[PDB]
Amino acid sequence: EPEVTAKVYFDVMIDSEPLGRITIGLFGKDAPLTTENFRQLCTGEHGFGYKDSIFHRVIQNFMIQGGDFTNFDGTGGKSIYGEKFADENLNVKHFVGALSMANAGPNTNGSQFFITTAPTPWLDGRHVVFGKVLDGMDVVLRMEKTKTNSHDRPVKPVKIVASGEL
């Protein structure tokens, strides 16, 4: 496993229901630019970030997806470096509990990420794995079972009510 160089957290709610804290460890040595973008979006030092954003897509036995704090539908988001930044490390394999950057092709990393819940080998080599859930995996598995109506969107918002560095 890669080395954990930092710890960030999400506090999750689903409509008048605290789900608990998800603790995330970052692979700051294998993906320094990617972890710094994620870390500073967790704290919000640049005036924007993950606080009060939602997980807009939930696919059972696959992944949950969030990070679109501009359009809330999977089309938006932006990095702290600008619009998009380059793929760093592509040799890390996905695993249950991994943090991985969503993209629209090579070198299109913004702020959208997913947390894998099952083996997803068809993403390997094409998405930058930059962290893992250290604690609160049961919260992730609870979020994964939420009711999705259409387009794999949760019928009730799965909201990150708080985020930052631990």
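A residue's number is simply how far along the shown sequence it sits, counting from 1.
When 146-154 is weighed against 12-20, 146-154 comes out higher, by mean CA B-factor as recorded in the entry. Residue 68: CA B factor in the lowest third of modelled residues in this chain (values from the PDB entry). Per the deposited record, the Cα B-factor of residue 124 falls in the middle third when ranked against the other modelled residues of its chain. The entry lists a Cα temperature factor for residue 136 that places it in the lowest third of the chain's modelled residues. When the modelled residues of the chain are ordered by their C-alpha B factor, residue 31 lands in the highest third. Annotation for residue 109: CA B-factor lies in the middle third of the chain's modelled residues.
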